[PDB]
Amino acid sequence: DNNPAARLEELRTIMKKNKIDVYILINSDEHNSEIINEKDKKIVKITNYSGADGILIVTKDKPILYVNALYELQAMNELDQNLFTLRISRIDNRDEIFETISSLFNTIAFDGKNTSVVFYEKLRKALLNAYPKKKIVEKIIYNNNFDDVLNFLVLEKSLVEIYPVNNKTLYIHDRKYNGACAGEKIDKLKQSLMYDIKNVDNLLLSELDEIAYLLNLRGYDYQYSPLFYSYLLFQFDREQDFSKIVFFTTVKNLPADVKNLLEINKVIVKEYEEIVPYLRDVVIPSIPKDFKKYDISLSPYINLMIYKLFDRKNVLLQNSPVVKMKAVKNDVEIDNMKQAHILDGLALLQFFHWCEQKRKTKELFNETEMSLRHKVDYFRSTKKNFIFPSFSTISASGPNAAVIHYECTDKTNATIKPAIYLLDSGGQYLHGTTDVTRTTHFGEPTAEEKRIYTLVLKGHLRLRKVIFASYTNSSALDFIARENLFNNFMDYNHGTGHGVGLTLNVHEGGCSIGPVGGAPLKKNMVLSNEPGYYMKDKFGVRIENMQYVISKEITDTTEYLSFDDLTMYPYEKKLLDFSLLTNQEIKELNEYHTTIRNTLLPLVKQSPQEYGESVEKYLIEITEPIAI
C-alpha cells in the first residue's frame, strides 16, 4: 500500500548517514505555485496525506505534520495518527510551528527548492531568540557532499526523489488577446527601474505568471495554469536601459518562431537548472562591493536556494513591478475577459440545462459528483479558444458542499441527491481566466436553505453594485459582503475576493477583497466576489462572480467607483427568501438576469445545432423577471 512507516523508517536512516537531526518537508515548489506538480509532492509519499497544504518535521521522536484548518478533516481521514503526530494550523496558532521546532537538535535541513525565504527567516529568527548562546551556521549542500560540515542546511536536492514529463511547446499569446506587446511591457518595467527602484540594478522574476505575462508566452508545465517553468533575470544599467535579459526555461519546449523572436530583445536563453550556477558564477562575482544599494531584488516568496547564494544584507525582498502591472487590465484585456465569461455562461447554461432535464427524468439521482464535474468540464471544452479548466472543479452535493475546497475522487465520490448542489468551476481561454460558483437545489428547498442562500446573496449583490470613493480600502468591501451574515452571528472562513490573471493563475495578487490586508482599488482591476456560508454535516452555499472596477461618477471633490460584471449566469430562484429581499435587490436581480438574456440568447439561437430550443426556453425561464 506504498507504506510510509517503511518510507519513514527508511528516511530516518538517510538523515542518519548525513548527520542530519531535524528535517523539514513542505508542500510547494521553487516558484511558490499554489498548485504543485507531482515531482514536488514529497510529503504524500511519506505520510499518505495528499492534501496540498502541509509541513513535515522529521525527527528522532514522533514526526509532526502541520496542515491548514481547511484540510484538517481530510488529514484525519488520510494521515494515520499512530505513525505521525497530527496538528492543525489556524489564524490563531500560525507561528506554533516555529515555536515547535524551536522546542527540539543541532543539525537541521531544508529543501532549498521547496522552501520560501519567509518560512526560513521566521524560523531562523525564532532560534535566535530561542537559544541566544547557539551560533547558526548556514550551508548550501551541493551534490550530496556533507563531508564539509546550530547548522542550518539548505539542500540542493531533496532527500526524497521521485512522474510525467511535459514535452509540449510554448506558444505566443497573441496581442489580440493581451492588448499589449511584450516589448511594450518590458519598456514599462524599464521605466520602473529608472524612477521607482533606484536602489537595485538586478531583478529576478521567479513568479511564473509574471514571466508569462511579460513575454506574452504560455506553456504546459502545469495542469491548471498555462504557465511554464522559468526564471527571467534583468540587469539594469543606470547610465538608462537593460544590460542583459536572461531567460532560463526548458529549451526543448522552446519553439523556433519564439527563439528567432527572442533575438528581438537579443535575450540570452539558458537552460532552467542553470539559474543557480549562472547566478553563483556569472552574476554575483560581477557585482562591485545614508542610501543603501542592494545587489538583487527578489520576490518575497523566492525559494531558499536562490536566496542563500547572496549575502542577506544585499538582498531586497519585494514585489516585482510586474505585480502592479498585471493587476490593472487594459481595455483589450477587459474586452477579452468579457468574451471568456460569455463563453463560460454558455457552458454553464448547457450544464444546468442538462441537469434540469435529468432532474425531471430523475436520472439525475443516479449521477455522481464526479460525473457532474466531467460534464461541466466537457461543456467548457467545446468552447472556442478553450485551453483547459482553471482549477479543479468543486462539485459537491448536500453535506459535501459544507467542505469549502471539497474534491470528489473515484474514491471519494457521492451520488447526486435532491438537495443542495454547489459547483465552483472555471476555465482557461486564450481570452482569459474565469472563476464562478453557483449553488442550486435539486429537491424541495428547506426554509433554512433559502435563508442561508439569500443572506449570502445579499452580501454578493451588494458587492456587485457598491459605490465607493476611490480612496476606500478594499477591506471595507469585504465587510459589506459579510454584513448580513454578521447580523446573524454567521461568518465564512475565507476571503471575499481575489485578483484574477488573464490566462494566467486563477488566484493573482496585486489586489484582493479580504479582512486582513487591503488597499484602495483601481479602475480595470478584476476581482472575484464570493461570499459563502458552510454548515458541517448539512450543506453550504457560495455565490461567486468575477467583476472589474469601473469609474461610476466624478464630482468637483471626489471620484466614485463601482463594479461591472464579467460573469454572466443567473442566480437560483428556488433558493430565494423573499422576506429578506428589498425591492432594490429584486430590481438588481432582474436587471442582471435581463442583461444575461440579452447577451446569451442571440448566441444560443444561431447555433441551434449546438444548443437548440429546449436550451433557449430554459435560458428564457431562468432569466424571467421576478415580481416586485
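All residue numbers are counted from 1 along the displayed sequence.
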If the chain runs straight from residue 76 to residue 77, say none; otherwise bin the unmodelled deposited residues as 1 to 3, 4 to 9, or 10 or more. none
Per the entry, how many deposited residues between residue 149 and residue 150 lack coordinates? The answer is 4 to 9
With respect to the recorded C-alpha B factors, which stretch has the higher mean value, 9 to 17 or 604 to 612? 9 to 17
Average Cα temperature factor in the PDB entry - higher stretch of 509 to 517, 84 to 92: 84 to 92
Just to confirm, going by the entry's C-alpha B-factors, which of 462, 482, 218, 135 comes out highest? 135
Which one of 159, 457, 416, 328 shows the biggest C-alpha B-factor in the PDB entry? 159
Compared with the other modelled residues in the chain, in which third is the CA B-factor of residue 449? lowest
Lowest, middle or highest third: which one holds residue 207 when the chain's residues are ordered by CA B-factor from the entry? lowest
Divide the modelled residues of the chain into thirds by Cα B-factor and specify which third, lowest, middle or highest, holds residue 362. middle
By the entry's values, the third containing the CA B factor of residue 166 is the middle
Of the three thirds of Cα B-factor ranks in this chain, residue 179 occupies the middle
